[PDB]
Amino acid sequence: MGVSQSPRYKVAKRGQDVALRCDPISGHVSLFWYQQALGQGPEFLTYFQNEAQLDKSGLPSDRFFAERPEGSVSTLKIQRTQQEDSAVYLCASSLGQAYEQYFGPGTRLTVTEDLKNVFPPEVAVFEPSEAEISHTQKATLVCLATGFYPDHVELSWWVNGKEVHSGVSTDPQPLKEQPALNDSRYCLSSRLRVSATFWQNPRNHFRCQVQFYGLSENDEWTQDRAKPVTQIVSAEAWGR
């Protein structure tokens, strides 16, 4: 409980068929599949009514095909995925086609010609300036995640071993380092705002975490230098 999907982040090469899954809330008669791309609203795909598809209007290409044999678990597969498949596929469930919908985390998909384009984030943290401290009596830390592809990252701050959400302001979505080039890396920034009295404490430890989702184990890698797999990149600094 409630609606969960898997995987949440999946990067694949063109011509490589993939598969997604969704486990709706128990006791939900209906099930929906959507597609968000280019920032556009959820574009309908298919409809499941008690393990039975009663609507397939949203499906553009026949390469896609979802099945719900168990009646409580659905699986959408895409044979020979292409670039126009690079989007976020959502899943919804309800007591019926006449009730409100519950959405899951979704599945962010990104297809590429070569898997050599995958790269981990370059995380770095900066300290608050003396100007900001003496003026507002508050300190703001900056985290930067750069040179990472695709834009599959989850940034979070960790003060004294524990994650914080208060005063945390992160960018809505990663920005391409070079918007011109069709294939470009992404960047990201975040801001943690604490009191000047808090930052001026050496005891306090501040760390910026960036959960990156790359290639899994079942993916072969040739390049001799490292391997962009699902990893995390952080940067820390002590108070003054």
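Note that residue numbering follows the sequence shown and begins at 1.
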Notebook entry, point to check: Given the B-factors recorded for C-alpha atoms, which segment has the greater mean, 61 to 69 or 185 to 193?
Noted result: 61 to 69
Check: Of the two stretches 77 to 85 and 142 to 150, which shows the higher Cα B-factor on average in the entry?
Finding: 77 to 85
Next item on the list: Please pick out which of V210, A180, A52, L175 has the largest Cα B-factor as recorded in the entry.
Entry: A180
Checklist line | Lowest, middle or highest third - CA B-factor, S166 | finding: middle
Check: How does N218 rank on Cα B-factor within its chain, lowest, middle or highest third?
Finding: highest
Next item on the list: Select lowest, middle or highest to describe the third in which the CA B-factor of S129 falls within its chain in this entry.
Entry: lowest
Next item on the list: Rank-wise, by C-alpha B-factor, drop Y99 into the lowest, middle or highest third of its chain.
Entry: highest
Item checked: Cα B factor band for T110 (lowest, middle or highest third within the chain) -> middle
